[PDB]
Amino acid sequence: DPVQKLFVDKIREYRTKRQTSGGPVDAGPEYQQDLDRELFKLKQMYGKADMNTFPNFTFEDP
Amino acid sequence: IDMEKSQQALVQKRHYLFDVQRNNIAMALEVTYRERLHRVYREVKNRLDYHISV
């Protein structure tokens, strides 16, 4: 198990990424562009309500 | 005489129209209340589903 040099190599690269993950490394502008695009799409599909808390109702009787 | 007797018989049960109106009004209020409950429930679950989807 300590013999699969690529096994430990992948684990090592993973550890290094863990340490360096303060901000998405090698993100490039594509990271932000995507994030924005699909966040925007999700915002449409859900709604435009007050995105902090509970909106109020003020129902109407018959 | 019998015609009048039948009319009087119908007098007794005249009240069913009001009875129907009462049932309708009460159960309509009940329907609106249940709609309010389920509407708040649905909106809150969608609201939070936003966060989990993100």
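We number chain A the way Swiss-Prot does; in order, the residues shown are 37-98.
Cβ atoms are placed via backbone N, Cα and C, with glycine included.
Per Swiss-Prot, these features apply:
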type: MOD_RES; residues: A:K41; note: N6-acetyllysine
type: MOD_RES; residues: A:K46; note: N6-acetyllysine
type: MOD_RES; residues: A:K79; note: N6-acetyllysine
type: MOD_RES; residues: A:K84; note: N6-succinyllysine
type: MOD_RES; residues: A:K84; note: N6-acetyllysine
Pairwise Cα distance for A:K46 (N6-acetyllysine)/A:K79 (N6-acetyllysine) [Å, integer]: 37
Which of A:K46, A:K84, the listed modified residues, has fewest other Cβ atoms within 10 Å: A:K84
Pairwise Cα distance for A:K41 (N6-acetyllysine)/A:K84 (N6-succinyllysine) [Å, integer]: 52
Among A:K41, A:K79, the most crowded of the modified residues [Cβ within 10 Å]: A:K79
